[PDB]
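Here we start with a single chain on its own, the form deposited in one PDB entry, put down as structure tokens.
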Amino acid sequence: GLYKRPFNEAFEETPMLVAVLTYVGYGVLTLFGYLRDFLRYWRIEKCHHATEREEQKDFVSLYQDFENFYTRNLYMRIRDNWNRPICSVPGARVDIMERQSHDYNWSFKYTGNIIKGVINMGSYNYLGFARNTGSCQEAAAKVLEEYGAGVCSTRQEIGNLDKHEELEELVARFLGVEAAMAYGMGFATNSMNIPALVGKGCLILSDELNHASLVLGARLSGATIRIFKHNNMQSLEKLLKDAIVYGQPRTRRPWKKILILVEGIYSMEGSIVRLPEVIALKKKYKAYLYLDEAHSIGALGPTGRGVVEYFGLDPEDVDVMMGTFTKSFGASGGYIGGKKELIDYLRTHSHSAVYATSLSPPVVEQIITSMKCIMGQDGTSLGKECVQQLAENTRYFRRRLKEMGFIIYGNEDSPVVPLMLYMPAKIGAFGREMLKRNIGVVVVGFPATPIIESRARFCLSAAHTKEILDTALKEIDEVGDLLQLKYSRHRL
């Protein structure tokens, strides 16, 4: 495991007093949630919730009360920070339709006004291909005029077209691997091709923080699932040794296969995976590697070929390379790259290849045009400029925030910047105070992150010029002063 360039990442620890105050806040919310539920049960207070129809009251209750506890008493209070209905192209600036609630977020009414020119830090266009004008849009319009929107049958039967073959060969040339196959949903890609590779009698070693698609795909297959600590290579090595030695749990036979599920960039944490050590342990212990590159396929790398170019390694070492066109290339879809044996086996035994409708034609045209723009096949220098500008934006933004006194996670080269808030009231407060200042931020808490660590994730882009970053930094500094979000000991 050799790192040609330095690999420095900082996850500063939760303070003491902040953890104590987080716990006090969660306790207050829990007690008052119990009180509100008690008042709701005795019908002393009117409830703005739907109730099962009168002819089905004798049925077993569909939802158990405690199951939805956190949803009704905590999430519903700050629900206004999510599902914001934008009404324009999600470029560097997006138009958000204004909505207000008189029932304390139980029901939303859309006021007439639309908020214009909101700086967008929640959209995923890392390379800034989300535009309503350009070569990609005109090509998609041509394909829409000719082929039409949507295909009406599965790939195997009649739903395979020429555009799908063009996209698959283009992807195979892009990554550098021998062959690749394209699907209509990255979630579907994971959940429908992980069960094909492994089965009963195999071990799946998955990271602590994997996307729900990878966990669901592992669960659907019968393979035993063991979880190692997030980017802790000692734990991976110990698990590999114990798995190879002690064999299966009950009948201590050797494992048929051992598969390691890892991601390129973990969106919440922002940490890049230690790929060279993963490949070293893989080759040493004869395991197989599944690499989800949803977030790193267009961002990382001097020419944006992924994380394997970023580290400089060989794409042929990674066994299965998943990926998604939603983030960078600006069009929904997914893909899997590997050797031709793997691709043929998947083309035969993939659940979505057999039972699911294939991609749309305008979407594959947009993906093809974006890939040709990145690779320089178009002949113009848009592909080179976007990656350099994204790298400059990432370094500038991370430096400026870390020198203001905040706490930020992840490797210094990852575009996603999770700032940390740590308290349940500040999750709502930060979102509302940003939106009052014309910045859109994504705040995430308990359902997607550990309870104590509540964050505001920024997603940088090549669309953000330096003036937009300057304005966002000024307003984030003002709000951090307002809410006391500067928990950093080392820097100030």
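In this text, residue numbers run from 1 along the sequence as written. For clarity, a rigid core is taken as the largest C-alpha set superposing within 1.5 Å between two forms.
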Other entries modelling both neighbours but not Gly379, at least a third: yes
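Same protein, other form: the form deposited in another entry, not shown, and the subject of what follows.
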Sole residue of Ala212, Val245, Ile158, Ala141 shifting 2 angstroms or more in CA between this form and the one not shown, core aligned: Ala141
Rigid core superposition, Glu45 Cα moves 2 angstroms or more between this form and the one not shown: yes
Shift of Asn68 between this form and the one not shown at or above 2 Å (CA, core fit): no
Core-aligned CA displacement of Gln56 at least 2 Å between this form and the one not shown: yes
Cα separation of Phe325 and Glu145 in the other form versus here, shift of 3 Å or more: closer
Cα-Cα shift for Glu145 and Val363, closer or farther in the other form, minimum 3 Å: closer
